[PDB]
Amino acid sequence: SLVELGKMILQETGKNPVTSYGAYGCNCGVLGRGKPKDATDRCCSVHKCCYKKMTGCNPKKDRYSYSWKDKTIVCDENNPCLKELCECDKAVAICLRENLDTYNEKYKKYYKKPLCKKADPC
């Protein structure tokens, strides 16, 4: 759920997830998807796509178990949907950390979301 997702982002990036990514670019946070402005934003587009693979569980609501050991995230649910959900969130946290070097302040509070162009195909 949002809870674990937030914790993983915070752990990997060292940033407050809501303020830093809550409305970033065309895909991060509130609202939907749109053509990515930059690599950070593309992480969010990929993440939203990932959520489409879970049928049997609610990406936003369903809590799950994971471990934060050795600067790594490990998804430990046996339940396949919750395992896959955890893996979606792990991947976006890792992606955002990886793209910290191009994180752009100007896309943080993105009131231009309605100017976004067509999203990338999932």
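Heads up: residue numbers just count along the shown sequence, starting at 1.
Participant: According to the deposited model, is the average Cα temperature factor higher in 109-117 or in 95-103?
Facilitator: On average, C-alpha B-factors are higher across 109-117.
Participant: Which is higher in the entry, the mean Cα B factor of 63-71 or that of 86-94?
Facilitator: For C-alpha atoms only, the mean B-factor is higher in 63-71.
Participant: Out of 43, 30, 26, 50, which shows the largest CA B-factor listed in the entry?
Facilitator: Across 43, 30, 26, 50, the entry lists the biggest C-alpha B-factor for 30.
Participant: Is the Cα B-factor recorded for residue 76 in the lowest, middle or highest third of its chain?
Facilitator: As the PDB entry reports it, the C-alpha B-factor of residue 76 lands in the highest third of its chain.
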